[PDB]
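Data file: model_1.txt. Format and content: compact mmCIF, C-alpha atoms and all ligand atoms.
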# COMPACT_ATOMS: atom_id res chain seq x y z
CA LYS J 4 130.32 112.66 109.11
CA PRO J 5 129.16 109.29 107.71
CA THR J 6 129.94 108.33 104.12
CA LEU J 7 128.96 105.28 102.06
CA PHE J 8 132.32 103.74 102.90
CA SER J 9 132.33 104.54 106.64
CA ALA J 10 132.02 102.03 109.47
CA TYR J 11 128.63 101.51 111.11
CA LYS J 12 127.30 99.80 114.20
CA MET J 13 124.11 97.98 113.24
CA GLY J 14 123.20 97.25 116.85
CA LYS J 15 124.97 93.94 117.52
CA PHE J 16 127.05 94.00 114.33
CA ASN J 17 130.11 96.01 113.28
CA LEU J 18 130.07 96.93 109.59
CA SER J 19 133.04 98.44 107.76
CA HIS J 20 131.04 100.18 105.02
CA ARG J 21 127.43 100.89 104.11
CA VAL J 22 127.10 98.95 100.84
CA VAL J 23 124.58 96.09 101.19
CA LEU J 24 123.76 93.08 99.00
CA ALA J 25 120.00 93.33 98.41
CA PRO J 26 117.98 90.08 98.51
CA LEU J 27 117.92 88.56 95.01
CA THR J 28 115.94 85.48 93.99
CA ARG J 29 118.11 83.59 91.48
CA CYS J 30 116.68 80.03 91.39
CA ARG J 31 119.96 78.11 91.66
CA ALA J 32 119.04 76.21 94.86
CA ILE J 33 117.96 73.05 93.06
CA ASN J 34 115.09 71.31 94.88
CA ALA J 35 115.29 74.03 97.56
CA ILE J 36 118.69 72.90 98.91
CA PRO J 37 121.46 75.50 99.17
CA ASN J 38 124.47 74.11 97.32
CA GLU J 39 128.00 74.77 96.10
CA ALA J 40 126.76 77.37 93.61
CA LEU J 41 125.21 79.44 96.37
CA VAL J 42 128.37 79.08 98.48
CA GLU J 43 130.50 80.58 95.73
CA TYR J 44 127.94 83.24 94.81
CA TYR J 45 127.78 84.71 98.29
CA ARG J 46 131.50 84.16 98.90
CA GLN J 47 132.31 86.17 95.72
CA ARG J 48 130.22 89.05 97.05
CA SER J 49 131.52 88.98 100.62
CA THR J 50 133.70 91.73 102.08
CA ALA J 51 135.19 92.25 105.52
CA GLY J 52 132.47 93.94 107.54
CA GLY J 53 130.08 93.98 104.60
CA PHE J 54 126.38 93.19 105.10
CA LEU J 55 124.69 90.55 102.90
CA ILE J 56 120.98 89.68 102.65
CA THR J 57 120.13 86.36 101.02
CA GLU J 58 117.62 85.63 98.32
CA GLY J 59 114.09 85.08 99.62
CA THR J 60 114.01 81.75 101.44
CA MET J 61 110.96 79.49 101.91
CA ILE J 62 109.48 79.20 105.42
CA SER J 63 107.13 76.35 104.44
CA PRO J 64 106.10 74.12 101.52
CA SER J 65 103.31 76.61 100.58
CA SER J 66 105.57 79.64 100.56
CA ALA J 67 107.09 79.09 97.08
CA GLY J 68 106.28 80.96 93.89
CA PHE J 69 109.55 80.50 91.94
CA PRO J 70 111.47 77.37 90.91
CA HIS J 71 114.56 76.12 92.75
CA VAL J 72 114.46 78.71 95.51
CA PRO J 73 115.99 77.66 98.85
CA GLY J 74 114.07 76.80 101.98
CA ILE J 75 115.03 76.85 105.62
CA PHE J 76 112.28 74.64 107.05
CA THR J 77 114.13 71.28 106.86
CA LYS J 78 117.34 69.95 108.38
CA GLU J 79 118.75 69.21 104.92
CA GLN J 80 118.20 72.85 103.99
CA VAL J 81 119.81 74.07 107.20
CA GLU J 82 122.87 71.92 106.49
CA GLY J 83 123.16 73.41 103.01
CA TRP J 84 122.93 76.93 104.41
CA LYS J 85 125.65 76.24 107.00
CA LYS J 86 128.14 75.88 104.16
CA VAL J 87 127.09 79.21 102.62
CA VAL J 88 127.18 81.04 105.92
CA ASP J 89 130.54 79.58 106.93
CA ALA J 90 132.10 80.78 103.66
CA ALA J 91 130.67 84.27 104.01
CA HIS J 92 131.88 84.48 107.60
CA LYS J 93 135.37 83.36 106.58
CA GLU J 94 135.50 86.51 104.42
CA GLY J 95 134.29 88.64 107.35
CA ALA J 96 130.75 89.23 106.06
CA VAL J 97 127.64 89.68 108.17
CA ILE J 98 124.75 87.77 106.59
CA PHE J 99 120.97 87.71 107.16
CA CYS J 100 118.54 85.18 105.71
CA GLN J 101 115.44 86.71 104.09
CA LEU J 102 112.33 84.78 105.14
CA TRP J 103 109.85 84.74 102.25
CA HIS J 104 106.22 83.68 101.80
CA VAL J 105 104.73 84.61 98.42
CA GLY J 106 101.09 84.21 99.40
CA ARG J 107 98.85 84.50 96.33
CA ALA J 108 101.83 85.12 94.00
CA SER J 109 102.17 81.43 93.21
CA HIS J 110 100.75 78.63 91.09
CA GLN J 111 99.38 75.13 91.64
CA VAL J 112 102.64 73.68 90.29
CA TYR J 113 104.45 75.22 93.28
CA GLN J 114 101.98 74.07 95.91
CA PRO J 115 101.86 70.78 97.82
CA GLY J 116 99.14 68.57 96.36
CA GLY J 117 98.44 71.27 93.77
CA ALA J 118 96.46 73.21 96.37
CA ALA J 119 95.45 76.84 95.93
CA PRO J 120 97.96 79.44 97.16
CA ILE J 121 97.04 81.19 100.41
CA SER J 122 96.34 84.89 100.92
CA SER J 123 94.33 87.54 102.76
CA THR J 124 91.82 87.48 99.95
CA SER J 125 90.17 85.22 97.38
CA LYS J 126 91.00 87.65 94.58
CA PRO J 127 93.85 86.64 92.26
CA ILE J 128 96.56 88.81 90.80
CA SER J 129 95.06 90.09 87.54
CA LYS J 130 95.91 88.59 84.14
CA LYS J 131 97.98 91.70 83.46
CA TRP J 132 100.79 89.79 85.18
CA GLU J 133 102.12 86.26 84.66
CA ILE J 134 104.20 83.80 86.67
CA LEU J 135 107.37 81.95 85.63
CA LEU J 136 106.79 78.19 85.76
CA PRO J 137 109.37 75.41 86.31
CA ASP J 138 109.30 74.49 82.60
CA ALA J 139 110.40 77.98 81.45
CA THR J 140 106.95 79.03 80.28
CA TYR J 141 104.73 81.68 81.87
CA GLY J 142 101.43 80.85 83.52
CA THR J 143 98.37 82.48 85.06
CA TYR J 144 98.10 83.41 88.74
CA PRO J 145 95.24 81.32 90.21
CA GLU J 146 92.52 82.21 92.68
CA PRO J 147 94.02 82.10 96.19
CA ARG J 148 92.36 80.78 99.33
CA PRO J 149 91.77 83.31 102.14
CA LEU J 150 93.37 82.22 105.42
CA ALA J 151 91.30 81.70 108.54
CA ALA J 152 92.60 83.42 111.69
CA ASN J 153 93.93 80.16 113.15
CA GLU J 154 95.77 79.47 109.89
CA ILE J 155 97.38 82.92 110.02
CA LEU J 156 98.81 81.94 113.39
CA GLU J 157 100.15 78.75 111.80
CA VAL J 158 102.08 80.91 109.34
CA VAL J 159 103.45 83.08 112.16
CA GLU J 160 104.69 79.85 113.71
CA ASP J 161 106.35 78.91 110.38
CA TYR J 162 108.27 82.21 110.51
CA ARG J 163 109.28 81.53 114.11
CA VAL J 164 110.62 78.08 113.21
CA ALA J 165 112.43 79.44 110.15
CA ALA J 166 114.13 82.09 112.26
CA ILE J 167 115.32 79.47 114.76
CA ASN J 168 116.61 77.38 111.86
CA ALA J 169 118.43 80.37 110.39
CA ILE J 170 120.31 80.88 113.64
CA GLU J 171 121.08 77.14 113.70
CA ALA J 172 122.64 77.50 110.23
CA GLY J 173 124.84 80.27 111.63
CA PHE J 174 123.07 83.30 110.14
CA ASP J 175 123.64 86.57 111.96
CA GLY J 176 119.95 87.33 111.67
CA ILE J 177 116.90 87.28 109.43
CA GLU J 178 114.95 89.74 107.30
CA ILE J 179 111.16 89.54 107.16
CA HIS J 180 110.07 89.93 103.55
CA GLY J 181 107.03 92.19 103.96
CA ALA J 182 107.32 93.84 100.55
CA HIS J 183 106.38 93.63 96.86
CA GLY J 184 102.87 92.24 97.07
CA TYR J 185 103.79 88.95 98.73
CA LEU J 186 101.92 87.39 101.68
CA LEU J 187 102.40 90.04 104.37
CA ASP J 188 101.90 92.88 101.87
CA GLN J 189 98.66 91.15 100.79
CA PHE J 190 97.44 91.95 104.28
CA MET J 191 98.94 95.45 104.57
CA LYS J 192 97.78 96.90 101.23
CA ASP J 193 94.15 98.04 101.17
CA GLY J 194 94.15 97.35 97.44
CA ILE J 195 94.43 93.63 98.20
CA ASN J 196 93.08 93.16 101.70
CA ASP J 197 89.29 93.08 101.46
CA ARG J 198 88.78 91.20 104.74
CA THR J 199 86.05 92.07 107.23
CA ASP J 200 87.52 90.33 110.29
CA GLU J 201 90.21 91.33 112.80
CA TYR J 202 92.85 91.15 110.05
CA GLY J 203 91.06 93.57 107.75
CA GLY J 204 89.86 97.16 107.68
CA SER J 205 91.85 99.46 109.94
CA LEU J 206 95.58 100.12 109.56
CA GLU J 207 95.79 98.45 112.94
CA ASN J 208 94.16 95.30 111.59
CA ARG J 209 96.05 95.30 108.29
CA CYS J 210 99.42 95.57 110.08
CA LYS J 211 98.50 92.90 112.62
CA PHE J 212 99.93 89.92 110.73
CA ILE J 213 103.34 91.45 110.00
CA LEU J 214 103.60 92.76 113.57
CA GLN J 215 102.75 89.31 114.93
CA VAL J 216 105.58 87.92 112.78
CA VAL J 217 108.05 90.54 114.04
CA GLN J 218 106.96 89.79 117.62
CA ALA J 219 107.35 86.03 117.22
CA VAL J 220 110.76 86.06 115.54
CA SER J 221 112.04 88.70 117.99
CA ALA J 222 111.00 86.47 120.88
CA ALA J 223 112.69 83.50 119.23
CA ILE J 224 116.07 84.93 118.25
CA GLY J 225 116.25 88.48 119.64
CA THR J 226 115.17 91.90 118.35
CA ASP J 227 118.74 92.68 117.35
CA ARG J 228 118.76 89.77 114.86
CA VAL J 229 115.55 90.84 113.07
CA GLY J 230 115.27 93.17 110.09
CA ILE J 231 112.07 93.96 108.20
CA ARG J 232 111.60 94.88 104.53
CA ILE J 233 108.57 96.82 103.28
CA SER J 234 107.51 98.74 100.17
CA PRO J 235 104.47 100.96 100.84
CA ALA J 236 104.82 102.94 97.59
CA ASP J 241 98.82 94.72 91.59
CA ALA J 242 99.84 95.69 95.12
CA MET J 243 98.71 99.23 95.87
CA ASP J 244 97.52 101.15 98.92
CA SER J 245 95.29 104.22 98.79
CA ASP J 246 97.65 106.06 101.17
CA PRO J 247 101.26 104.74 101.02
CA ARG J 248 102.50 107.53 103.30
CA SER J 249 100.09 106.57 106.08
CA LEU J 250 100.73 102.84 105.61
CA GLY J 251 104.50 103.18 105.92
CA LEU J 252 104.09 105.43 108.95
CA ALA J 253 101.61 102.93 110.46
CA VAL J 254 104.10 100.08 110.25
CA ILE J 255 106.84 102.36 111.56
CA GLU J 256 104.76 103.55 114.52
CA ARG J 257 104.11 99.96 115.53
CA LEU J 258 107.78 99.00 115.16
CA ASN J 259 108.79 101.99 117.31
CA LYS J 260 106.22 101.05 119.93
CA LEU J 261 107.38 97.45 119.99
CA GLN J 262 111.00 98.56 120.41
CA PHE J 263 110.01 100.84 123.30
CA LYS J 264 108.03 98.03 124.96
CA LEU J 265 110.65 95.30 124.60
CA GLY J 266 113.53 97.66 125.44
CA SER J 267 115.71 97.26 122.36
CA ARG J 268 115.94 98.08 118.67
CA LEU J 269 115.29 95.80 115.74
CA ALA J 270 118.28 95.22 113.46
CA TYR J 271 116.86 97.59 110.84
CA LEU J 272 114.04 98.75 108.68
CA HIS J 273 114.62 98.19 104.93
CA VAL J 274 112.46 100.07 102.40
CA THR J 275 112.49 99.86 98.61
CA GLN J 276 111.42 102.70 96.35
CA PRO J 277 110.19 102.89 92.76
CA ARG J 278 112.05 104.89 90.09
CA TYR J 279 110.88 106.68 86.96
CA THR J 280 113.84 106.43 84.58
CA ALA J 281 113.82 104.23 81.48
CA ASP J 282 116.24 101.66 82.94
CA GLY J 283 115.02 101.94 86.53
CA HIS J 284 118.33 103.34 87.84
CA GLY J 285 118.97 106.83 89.12
CA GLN J 286 117.03 110.08 88.89
CA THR J 287 115.10 111.64 86.02
CA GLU J 288 116.21 115.07 84.81
CA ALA J 289 115.93 117.80 87.49
CA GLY J 290 112.39 119.03 86.82
CA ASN J 292 109.42 114.31 86.79
CA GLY J 293 107.42 114.98 89.96
CA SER J 294 106.44 111.51 91.11
CA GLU J 295 110.16 111.11 91.81
CA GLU J 296 110.24 114.01 94.24
CA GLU J 297 107.11 112.66 95.93
CA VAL J 298 108.72 109.25 96.40
CA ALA J 299 111.98 110.85 97.50
CA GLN J 300 110.11 112.76 100.20
CA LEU J 301 108.27 109.63 101.33
CA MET J 302 111.56 107.83 101.91
CA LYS J 303 112.92 110.71 104.00
CA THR J 304 109.66 110.97 105.95
CA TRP J 305 109.70 107.27 106.77
CA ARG J 306 113.37 107.26 107.74
CA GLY J 307 112.78 110.32 109.94
CA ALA J 308 109.91 108.57 111.71
CA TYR J 309 111.68 105.24 112.31
CA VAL J 310 113.82 104.98 115.44
CA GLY J 311 116.77 102.90 114.29
CA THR J 312 118.81 101.76 111.32
CA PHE J 313 117.38 102.49 107.88
CA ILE J 314 118.33 100.68 104.68
CA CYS J 315 117.23 102.19 101.38
CA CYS J 316 117.10 100.33 98.07
CA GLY J 317 115.79 100.72 94.56
CA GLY J 318 117.59 102.37 91.68
CA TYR J 319 120.48 103.66 93.77
CA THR J 320 123.57 104.56 91.80
CA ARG J 321 127.02 105.19 93.20
CA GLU J 322 126.27 108.92 93.36
CA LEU J 323 122.80 108.56 94.89
CA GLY J 324 124.16 106.09 97.44
CA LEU J 325 126.91 108.50 98.44
CA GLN J 326 124.30 111.26 98.79
CA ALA J 327 121.83 109.14 100.76
CA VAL J 328 124.38 108.43 103.49
CA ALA J 329 126.07 111.85 103.44
CA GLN J 330 122.75 113.73 103.70
CA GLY J 331 121.52 111.41 106.44
CA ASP J 332 118.66 109.94 104.38
CA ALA J 333 119.76 106.38 105.17
CA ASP J 334 122.35 104.48 107.17
CA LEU J 335 122.85 101.68 104.65
CA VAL J 336 122.29 101.45 100.90
CA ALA J 337 121.41 98.17 99.26
CA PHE J 338 122.05 97.26 95.62
CA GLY J 339 120.25 94.55 93.67
CA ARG J 340 120.81 94.38 89.91
CA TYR J 341 124.36 95.79 90.07
CA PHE J 342 125.30 93.04 92.52
CA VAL J 343 124.08 90.37 90.07
CA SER J 344 126.82 91.29 87.60
CA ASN J 345 129.45 92.78 89.92
CA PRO J 346 130.68 90.34 92.55
CA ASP J 347 133.20 92.94 93.76
CA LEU J 348 130.65 95.75 93.69
CA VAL J 349 131.97 97.23 96.97
CA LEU J 350 135.49 97.62 95.53
CA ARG J 351 134.11 98.93 92.25
CA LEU J 352 132.11 101.60 94.09
CA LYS J 353 135.14 102.57 96.20
CA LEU J 354 137.22 103.00 93.02
CA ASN J 355 134.39 104.48 90.90
CA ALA J 356 135.19 101.71 88.43
CA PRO J 357 132.96 100.67 85.52
CA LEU J 358 130.14 98.27 86.37
CA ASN J 359 129.53 95.07 84.42
CA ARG J 360 126.25 94.95 82.52
CA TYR J 361 123.80 92.48 83.99
CA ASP J 362 121.99 89.92 81.85
CA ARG J 363 118.31 89.74 82.75
CA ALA J 364 117.99 86.54 80.69
CA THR J 365 119.89 84.59 83.35
CA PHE J 366 118.32 86.19 86.43
CA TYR J 367 116.11 83.12 87.00
CA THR J 368 117.72 80.30 85.03
CA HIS J 369 119.16 77.42 87.01
CA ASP J 370 122.82 76.94 85.93
CA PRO J 371 125.31 76.99 88.81
CA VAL J 372 127.90 78.86 86.73
CA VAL J 373 126.37 80.54 83.68
CA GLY J 374 125.06 84.00 84.51
CA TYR J 375 125.46 83.28 88.22
CA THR J 376 129.07 82.82 89.42
CA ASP J 377 130.86 83.71 86.17
CA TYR J 378 130.63 87.52 86.16
CA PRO J 379 134.21 88.80 86.49
CA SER J 380 135.77 90.73 89.34
CA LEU J 381 138.32 93.45 88.60
CA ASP J 382 141.71 91.98 87.75
CA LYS J 383 143.66 91.79 91.03
CA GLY J 384 146.84 90.61 89.31
CA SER J 385 149.55 88.64 91.10
CA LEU J 386 151.26 90.32 94.05
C1 LIG J 401 116.45 89.03 89.91
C2 LIG J 401 115.92 89.79 91.09
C3 LIG J 401 115.57 89.06 92.22
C4 LIG J 401 115.08 89.71 93.34
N1 LIG J 401 114.75 88.97 94.45
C5 LIG J 401 114.28 89.58 95.59
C6 LIG J 401 113.96 88.84 96.72
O1 LIG J 401 114.11 87.61 96.77
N2 LIG J 401 113.48 89.50 97.83
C7 LIG J 401 113.33 90.87 97.83
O2 LIG J 401 112.90 91.45 98.83
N3 LIG J 401 113.64 91.61 96.70
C8 LIG J 401 114.12 90.97 95.59
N4 LIG J 401 114.42 91.71 94.47
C9 LIG J 401 114.30 93.21 94.53
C10 LIG J 401 115.71 93.74 94.86
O3 LIG J 401 116.10 93.38 96.18
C11 LIG J 401 115.87 95.25 94.75
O4 LIG J 401 115.04 95.87 95.70
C12 LIG J 401 115.51 95.76 93.36
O5 LIG J 401 116.22 95.03 92.38
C13 LIG J 401 115.79 97.25 93.22
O6 LIG J 401 117.11 97.56 93.59
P1 LIG J 401 118.21 97.80 92.43
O7 LIG J 401 117.80 99.04 91.66
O8 LIG J 401 119.51 98.01 93.13
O9 LIG J 401 118.23 96.59 91.53
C14 LIG J 401 114.94 91.09 93.35
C15 LIG J 401 115.27 91.82 92.21
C16 LIG J 401 115.76 91.17 91.09
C17 LIG J 401 116.12 91.99 89.88
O1 LIG J 402 112.05 92.48 90.18
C1 LIG J 402 111.76 91.83 91.40
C2 LIG J 402 111.36 92.58 92.49
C3 LIG J 402 111.08 91.96 93.69
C4 LIG J 402 111.19 90.58 93.79
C5 LIG J 402 110.91 89.91 94.98
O2 LIG J 402 110.51 90.64 96.11
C6 LIG J 402 111.03 88.53 95.06
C7 LIG J 402 111.42 87.80 93.97
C8 LIG J 402 111.71 88.44 92.78
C9 LIG J 402 111.59 89.82 92.68
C10 LIG J 402 111.88 90.46 91.48
Kindly present the structure from the file in C-alpha cells form.
Ligand SMILES: Cc1cc2nc3c(=O)[nH]c(=O)nc-3n(C[C@H](O)[C@H](O)[C@H](O)COP(=O)(O)O)c2cc1C
Ligand SMILES: Oc1ccc2c(O)cccc2c1
Amino acid sequence: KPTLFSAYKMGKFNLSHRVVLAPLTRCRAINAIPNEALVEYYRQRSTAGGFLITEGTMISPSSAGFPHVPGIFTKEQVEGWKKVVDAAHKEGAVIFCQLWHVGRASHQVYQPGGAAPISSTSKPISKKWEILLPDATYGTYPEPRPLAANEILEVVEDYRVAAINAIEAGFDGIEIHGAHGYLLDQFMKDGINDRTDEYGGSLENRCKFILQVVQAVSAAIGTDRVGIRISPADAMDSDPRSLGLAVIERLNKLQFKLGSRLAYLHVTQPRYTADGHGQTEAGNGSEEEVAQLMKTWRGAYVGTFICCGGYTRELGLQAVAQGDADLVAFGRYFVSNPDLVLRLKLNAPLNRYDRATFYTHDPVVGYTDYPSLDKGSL
C-alpha cells in the first residue's frame, strides 16, 4: 500500500516519495532573470526522486502582477533557468516550471507602456483587496481590459512558446497555473466571467480557454510533460463542485482522444483553522464539505492527483494512505524548511516561516538562509 514516502510513477517520471514542493512566488528573480539565488533555493530543496514545482513564471510581458518574478519568454530567461534546472537535476530532482498569467490581478506599474491588465471581464478586483507594488507599498487593482477572441488565441500561443522554452531550459515539464483567480480562473469562475460570447456562459464556454491552453502545450511538448493546477472552491463560482468536475471531464476526454495521460491534476483546498494549517476540531462543517469535494474530484479524474493547502505531516500521510491523493504538495512549510522531506520522514520539528520575507527581494535573507537539520561531519 502507498505511503507518503513510497515510490511513484508519475507517467514518464520515477519519484522516490510523494512530498512535493508547491509553487511559491518569492520575488527574488531580479528583472525577471533566474539567478544564483534561485539556483541555491531550489538546490536546497531538491531530493533524489523528489518532485519540485517552480514559482509562477511569466509567459509574456503582460502576465506579471508581482515584482521580480521570473519569466520564460526570452532567451536570457531561458539561460538563467538552465542553471537552476541543472542544479536540481544534479540532486536527482524532477522539476516542472509553473506557467503563470495573472490577468486582471495586476497594476499599470507591471504592464508594458502602463497599459490596462487583460481579463475575461472589464470588472476589477474589488477594493477589499490590494496589490503589492515594486516600491513596497500597496496599490489598487485597476479596471482590466476584456480580451477579444483573437487576443485569447494570442495568449494560448504565449503558453505554447513558454512550454517550448521550458523544455529548452531542461525542465521535465510545465504546470498550467489555472488557479487562485488569475487569468484562466477569470474565465472559469462564473463570479468573474460575465462574457456573452463563445468564451462565456456555459461551463463548456468558461472552460474553453484553459482547455485550449492544455491542448496547445500538450501538442508542443507532450501530454506527459503537462500538469494543470486549479482551485474551484474575489474569485468565486456558484457551483464549485460542478466546475471542478467540468474541467475534469474535459481533461479525461482529452486524454482519451489523444491516447495518453497528462502528467497530473493539482488542486488546492481552503482550510478553516486560525493559522490555515490542518483540520478544525472534529465536529466545523465547511471543512467536511471541502474534504468531500477533494475526494469527489480525485475520484473523477483519471490520472495522478496532487493535493495541496494546509496539509500537515499527519494529513499528508492520511491522504496518500487512504487513497485521496497520489502526491501531497507543501507551500509555506517549504519556505522555511529546505530539507522538509527529511524532516517529514523523521517527524522532526519544522522551522517557523517568516511571512515578512515571503516577497522581499534579498537573495539570502529569508530566502536561502533557513537552516537544514544538522548533518554533522561523517
Ligand atoms: C508566498 C507564497 C507564494 C505562493 N506562490 C504561488 C504561485 O506562484 N503559484 C501557485 O499556484 N500558488 C502559489 N502559492 C500557493 C501555494 O502553492 C500553496 O497552495 C498554499 O500556500 C497552500 O499550501 P500550504 O498550506 O502548504 O502553504 C503561494 C503561496 C505562498 C504563501
Ligand atoms: O497566498 C498565495 C496564494 C496563491 C498565490 C498564487 O497563486 C500566486 C502568487 C502568490 C500567491 C499567494
I'd like the neighbourhood of residue J:202 as a short mmCIF file (atom, residue, chain, number, x, y, z; two decimals) with C-alpha atoms, keeping the file's coordinate frame, where a residue qualifies if any of its atoms comes within 9 Å (using all atoms listed in the file), though same-chain residues fewer than 5 positions away should be ignored.
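Okay, this is what ended up in result-v9.cif:
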data_model
loop_
_atom_site.label_atom_id
_atom_site.label_comp_id
_atom_site.auth_asym_id
_atom_site.auth_seq_id
_atom_site.Cartn_x
_atom_site.Cartn_y
_atom_site.Cartn_z
CA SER J 123 94.33 87.54 102.76
CA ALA J 152 92.60 83.42 111.69
CA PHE J 190 97.44 91.95 104.28
CA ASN J 196 93.08 93.16 101.70
CA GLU J 207 95.79 98.45 112.94
CA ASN J 208 94.16 95.30 111.59
CA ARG J 209 96.05 95.30 108.29
CA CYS J 210 99.42 95.57 110.08
CA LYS J 211 98.50 92.90 112.62
CA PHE J 212 99.93 89.92 110.73
#
**Item:** Test item: residues at most 9 Å from residue J:336, all atoms listed in the file, excluding those fewer than 2 positions along its chain, as a list in words
**Value:**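 Non-adjacent residues within range: residues 7, 21, 22, 23, 24, 25, 313, 314, 315, 316, 319, 324, 325, 327, 328, 333, 334 and 338 of chain J.
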Per residue of chain J within 7 Å of ligand LIG 401 (chain J), record the nearest atom pair and its distance in Å to one decimal, counting only C-alpha atoms and all ligand atoms, with rows in chain order and ascending residue number, as JSON lines.
{"residue": "J:25", "atom": "CA", "partner": "J:LIG401", "partner_atom": "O3", "distance": 4.5}
{"residue": "J:26", "atom": "CA", "partner": "J:LIG401", "partner_atom": "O3", "distance": 4.5}
{"residue": "J:27", "atom": "CA", "partner": "J:LIG401", "partner_atom": "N1", "distance": 3.2}
{"residue": "J:28", "atom": "CA", "partner": "J:LIG401", "partner_atom": "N1", "distance": 3.7}
{"residue": "J:29", "atom": "CA", "partner": "J:LIG401", "partner_atom": "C1", "distance": 5.9}
{"residue": "J:58", "atom": "CA", "partner": "J:LIG401", "partner_atom": "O1", "distance": 4.3}
{"residue": "J:59", "atom": "CA", "partner": "J:LIG401", "partner_atom": "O1", "distance": 3.8}
{"residue": "J:180", "atom": "CA", "partner": "J:LIG401", "partner_atom": "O2", "distance": 5.7}
{"residue": "J:182", "atom": "CA", "partner": "J:LIG401", "partner_atom": "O2", "distance": 6.3}
{"residue": "J:232", "atom": "CA", "partner": "J:LIG401", "partner_atom": "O2", "distance": 6.8}
{"residue": "J:275", "atom": "CA", "partner": "J:LIG401", "partner_atom": "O4", "distance": 5.6}
{"residue": "J:283", "atom": "CA", "partner": "J:LIG401", "partner_atom": "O7", "distance": 6.5}
{"residue": "J:284", "atom": "CA", "partner": "J:LIG401", "partner_atom": "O7", "distance": 5.8}
{"residue": "J:316", "atom": "CA", "partner": "J:LIG401", "partner_atom": "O6", "distance": 5.3}
{"residue": "J:317", "atom": "CA", "partner": "J:LIG401", "partner_atom": "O6", "distance": 3.6}
{"residue": "J:318", "atom": "CA", "partner": "J:LIG401", "partner_atom": "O7", "distance": 3.3}
{"residue": "J:319", "atom": "CA", "partner": "J:LIG401", "partner_atom": "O7", "distance": 5.7}
{"residue": "J:337", "atom": "CA", "partner": "J:LIG401", "partner_atom": "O8", "distance": 6.4}
{"residue": "J:338", "atom": "CA", "partner": "J:LIG401", "partner_atom": "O8", "distance": 3.6}
{"residue": "J:339", "atom": "CA", "partner": "J:LIG401", "partner_atom": "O8", "distance": 3.6}
{"residue": "J:340", "atom": "CA", "partner": "J:LIG401", "partner_atom": "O9", "distance": 3.8}
{"residue": "J:341", "atom": "CA", "partner": "J:LIG401", "partner_atom": "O8", "distance": 6.1}
{"residue": "J:366", "atom": "CA", "partner": "J:LIG401", "partner_atom": "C1", "distance": 4.9}
{"residue": "J:367", "atom": "CA", "partner": "J:LIG401", "partner_atom": "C1", "distance": 6.6}
C-alpha atoms of the current selection, written as a PDB file, in the coordinates of the input:
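File part_23.pdb, as written:
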ATOM      1  CA  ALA J  25     120.000  93.330  98.410  1.00  0.00           C
ATOM      2  CA  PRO J  26     117.980  90.080  98.510  1.00  0.00           C
ATOM      3  CA  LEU J  27     117.920  88.560  95.010  1.00  0.00           C
ATOM      4  CA  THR J  28     115.940  85.480  93.990  1.00  0.00           C
ATOM      5  CA  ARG J  29     118.110  83.590  91.480  1.00  0.00           C
ATOM      6  CA  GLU J  58     117.620  85.630  98.320  1.00  0.00           C
ATOM      7  CA  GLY J  59     114.090  85.080  99.620  1.00  0.00           C
ATOM      8  CA  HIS J 180     110.070  89.930 103.550  1.00  0.00           C
ATOM      9  CA  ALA J 182     107.320  93.840 100.550  1.00  0.00           C
ATOM     10  CA  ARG J 232     111.600  94.880 104.530  1.00  0.00           C
ATOM     11  CA  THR J 275     112.490  99.860  98.610  1.00  0.00           C
ATOM     12  CA  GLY J 283     115.020 101.940  86.530  1.00  0.00           C
ATOM     13  CA  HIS J 284     118.330 103.340  87.840  1.00  0.00           C
ATOM     14  CA  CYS J 316     117.100 100.330  98.070  1.00  0.00           C
ATOM     15  CA  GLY J 317     115.790 100.720  94.560  1.00  0.00           C
ATOM     16  CA  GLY J 318     117.590 102.370  91.680  1.00  0.00           C
ATOM     17  CA  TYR J 319     120.480 103.660  93.770  1.00  0.00           C
ATOM     18  CA  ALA J 337     121.410  98.170  99.260  1.00  0.00           C
ATOM     19  CA  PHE J 338     122.050  97.260  95.620  1.00  0.00           C
ATOM     20  CA  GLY J 339     120.250  94.550  93.670  1.00  0.00           C
ATOM     21  CA  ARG J 340     120.810  94.380  89.910  1.00  0.00           C
ATOM     22  CA  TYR J 341     124.360  95.790  90.070  1.00  0.00           C
ATOM     23  CA  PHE J 366     118.320  86.190  86.430  1.00  0.00           C
ATOM     24  CA  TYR J 367     116.110  83.120  87.000  1.00  0.00           C
TER      25      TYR J 367
END
**Item:** Counting only C-alpha atoms, the residue of J:304, J:65, J:38, J:153 that sits nearest residue J:247
**Value:** J:304
8 Å per side around stretch 275-286 of chain J: axis-aligned box centre and edge lengths, as JSON:
{"center_x": 114.6, "center_y": 105.0, "center_z": 90.0, "size_x": 24.8, "size_y": 26.2, "size_z": 33.1}
**Asked** If you count all atoms listed in the file, which residues fall within 7 Å of residue J:146, apart from same-chain ones fewer than 2 positions away, as JSON, numbers by chain?
**Response** {"J": [119, 125, 126, 127, 144, 148]}
**Request:** Please indicate the distance in Å from atom CA of residue J:13 to atom CA of residue J:296, rounded to one decimal place.
**Result:** 28.5 Å
**Message:** Report, in Å with one decimal, the straight-line distance from atom CA of residue J:206 to atom CA of residue J:228.
**Reply:**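 Atom-to-atom, atom CA of residue J:206 to atom CA of residue J:228, that is 25.9 Å.
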**Request:** Select, from J:187, J:42, J:298, J:55, the residue with the minimum atom-to-atom distance to residue J:97, counting only C-alpha atoms.
**Result:**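 Counting only C-alpha atoms, the residue closest to residue J:97 is J:55.
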**Prompt:** Smallest atom-to-atom distance to residue J:331: which of J:312, J:294, J:380, J:280, using all atoms listed in the file?
**Reply:**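 That would be J:312, the residue with the smallest distance to residue J:331.
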**d(atom CA of residue J:53, atom CA of residue J:347) in Å** = 11.3 Å
